Amino acid sequence: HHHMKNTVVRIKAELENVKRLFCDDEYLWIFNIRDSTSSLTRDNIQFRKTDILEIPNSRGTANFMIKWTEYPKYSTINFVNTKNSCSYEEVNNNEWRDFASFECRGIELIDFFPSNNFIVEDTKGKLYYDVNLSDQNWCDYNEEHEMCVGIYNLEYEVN
Amino acid sequence: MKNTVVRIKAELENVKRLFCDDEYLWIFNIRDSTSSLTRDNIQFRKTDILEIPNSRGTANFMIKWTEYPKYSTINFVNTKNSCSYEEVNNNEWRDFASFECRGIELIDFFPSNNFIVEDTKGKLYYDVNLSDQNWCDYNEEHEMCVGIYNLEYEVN
């Protein structure tokens, strides 16, 4: 019923005193999507890589599904586990880097929206939670070592 | 705390029961229980497993309505004879399915096309499409017309 496409989210950000930016299983993926076979679109779909949806007439499962029309075709997204997926590190400072891949069947990822469940470790090893990058920028201060920690000009693309 | 309930009513011809199974696609328009925000045409099955933060429980549907760290949920609730509408209650309103909703109000229901019917002679019909509120088919062996007409429905 589909051609399956593999789709990558790439990010780039300028790093100050950050060892890695990353996310966990709780991370909330947010996209605007489109039907790969029609003009239909859906904004702000939300899902996690742990979500388990059983696909009809298949033994497989999906993290996100949609039945675009009254006809009996189901369209799916699955997060693809790759090793060191979902991590951006000091060494990648200001360079584009593959962040996460998805198998999409019947669906095109149009727009990605970073959420606010990122995690940051700084170079002194302390962790920051609920890191909000929906506005593409974030900083905090390490009081222990009196150190600014920042993520600037967050850029991304979905291809 | 109360369940939200989808009720239906139809005219049956030679139908033992109208029912649905695990694969049935629940379709709703919904609203934030605390704001004017809405979401149309959400879709789930009763078997969907989404992990709810701050609980061991899972949900069949969830949504984060705003950037405030708080998730709202729908879960199918099993109840007596749920998801089955029978000959004995022909042309009557009956509770068809129940839903535990947290942070979400169900506003509109949309019957889908994967209902099942058992006719009064034992025959089963799959992929029964009532999204347009009427369905019929025919039992050849027994030469009888089988149908569901003027389906009506509500959720609250």
Side-chain angles (χ1 to χ4, degrees), chain A residues 1-2 35 37-38 40 53-58 60 62 65-76 105-106, chain B residues 4-29 40-48 60-61 76-99 106 108-156:
Chain A
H1 312 151
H2 306 282
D35 185 354
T37 68
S38 78
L40 296 173
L53 319 188
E54 298 278 347
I55 307 165
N57 286 261
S58 173
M65 277 201 279
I66 186 168
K67 178 180 204 283
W68 283 112
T69 78
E70 68 251 64
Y71 288 88
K73 192 173 88 218
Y74 285 86
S75 302
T76 61
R105 277 196 179 69
Chain B
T4 311
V5 178
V6 172
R7 301 202 179 73
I8 70 185
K9 168 179 171 155
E11 309 168 28
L12 309 170
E13 187 183 15
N14 304 310
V15 166
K16 189 189 296 191
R17 55 170 172 151
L18 163 67
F19 66 115
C20 56
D21 70 3
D22 282 346
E23 286 200 343
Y24 185 78
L25 185 64
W26 298 96
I27 306 179
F28 294 103
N29 296 338
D40 295 357
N41 200 18
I42 56 136
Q43 291 174 6
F44 66 92
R45 304 171 169 77
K46 77 164 89 153
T47 53
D48 293 340
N60 299 144
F61 178 89
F76 176 89
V77 177
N78 330 90
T79 44
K80 71 163 155 285
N81 202 74
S82 86
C83 296
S84 191
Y85 183 87
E86 329 231 351
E87 188 179 4
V88 56
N89 304 122
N90 189 29
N91 286 324
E92 303 172 1
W93 281 100
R94 301 296 290 186
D95 294 345
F96 190 73
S98 294
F99 299 93
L106 313 188
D108 302 305
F109 173 64
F110 299 88
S112 67
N113 17 96
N114 63 319
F115 289 104
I116 318 193
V117 162
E118 188 181 349
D119 74 20
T120 46
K121 294 301 185 174
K123 194 189 159 188
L124 294 169
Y125 305 82
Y126 291 97
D127 312 285
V128 171
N129 195 5
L130 287 158
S131 72
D132 57 355
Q133 288 116 92
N134 305 264
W135 171 88
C136 65
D137 204 303
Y138 187 80
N139 190 311
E140 292 163 294
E141 164 60 4
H142 295 281
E143 296 202 277
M144 73 168 194
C145 299
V146 170
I148 300 164
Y149 315 105
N150 186 37
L151 174 74
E152 289 164 76
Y153 50 83
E154 72 178 35
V155 52
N156 42 66

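Reminder, nothing fancy here: chain letters follow the sequence lines and each chain counts from 1. All values below were derived from every heavy atom in this structure, side-chain atoms included, with hydrogens, water molecules and symmetry-related copies excluded.
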Taking only residues at least two apart or on different chains, which pairs with a member in residues 140-156 of chain B satisfy salt bridge (charged side-chain N to carboxylate O under 4.0 Å, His left out)?
B:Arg7-B:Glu154
Summary of salt bridge (charged side-chain N to carboxylate O under 4.0 Å, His left out) pairs that have at least one residue in residues 110-124 of chain B, sequence neighbours excluded
B:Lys16-B:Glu118, B:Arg17-B:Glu118
How long is the gap from [atom1] on [X] to [atom2] on [Y], to the nearest 0.5 Å?
| X | Y | atom1 | atom2 | answer |
| --- | --- | --- | --- | --- |
| B:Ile116 | B:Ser84 | CD1 | OG | 10.0 Å |
| B:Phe28 | B:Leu106 | CZ | CG | 5.0 Å |
| B:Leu130 | B:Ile8 | CG | CD1 | 8.5 Å |
| B:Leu12 | B:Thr120 | CG | OG1 | 10.0 Å |
| A:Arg105 | A:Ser58 | CZ | OG | 8.0 Å |
| A:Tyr74 | A:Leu53 | OH | CG | 11.5 Å |

[X] side chain to [Y] main-chain N or O, any donor-acceptor pair under 3.5 Å?
| X | Y | result |
| --- | --- | --- |
| B:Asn60 | B:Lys46 | yes |
| B:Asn139 | B:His142 | yes |
| B:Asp127 | B:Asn114 | no |
| B:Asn134 | B:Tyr149 | no |
| A:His2 | A:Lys73 | no |

Does a side chain donor of either [X] or [Y] reach within less than 3.5 Å of an acceptor in the other side chain?
| X | Y | result |
| --- | --- | --- |
| B:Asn81 | B:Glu86 | yes |
| B:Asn113 | B:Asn129 | yes |
| B:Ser112 | A:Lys67 | no |

Sub-4.5 Å side-chain heavy-atom contact between [X] and [Y]:
| X | Y | value |
| --- | --- | --- |
| B:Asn78 | B:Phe76 | yes |
| B:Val155 | B:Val5 | no |
| B:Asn29 | B:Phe110 | yes |
| B:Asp108 | B:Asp40 | no |
| B:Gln43 | B:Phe61 | no |

Looking only at heavy atoms, which two atoms of [X] and [Y] are closest? And how far apart?
| X | Y | answer |
| --- | --- | --- |
| B:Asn90 | B:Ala10 | OD1-O, 3.3 Å |
| B:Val117 | B:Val146 | CG1-CG1, 4.4 Å |
| A:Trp68 | A:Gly106 | NE1-O, 3.1 Å |
| B:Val15 | B:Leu18 | CG1-N, 4.0 Å |

Step through it carefully: locate the ring centre of B:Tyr24, locate the ring centre of B:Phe115, and say whether they are under 6.0 Å apart.
yes
Within the 6.0 Å centroid threshold, strictly below: B:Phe99 and B:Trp26:
yes
What's the verdict on side chain to side chain contact (heavy atoms under 4.5 Å, CB included) for B:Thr79 and B:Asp95, showing C-alpha distance, side-chain angles and the deciding distance?
CA-CA 10 Å; B:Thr79 44; B:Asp95 294 345; over 6 Å; no
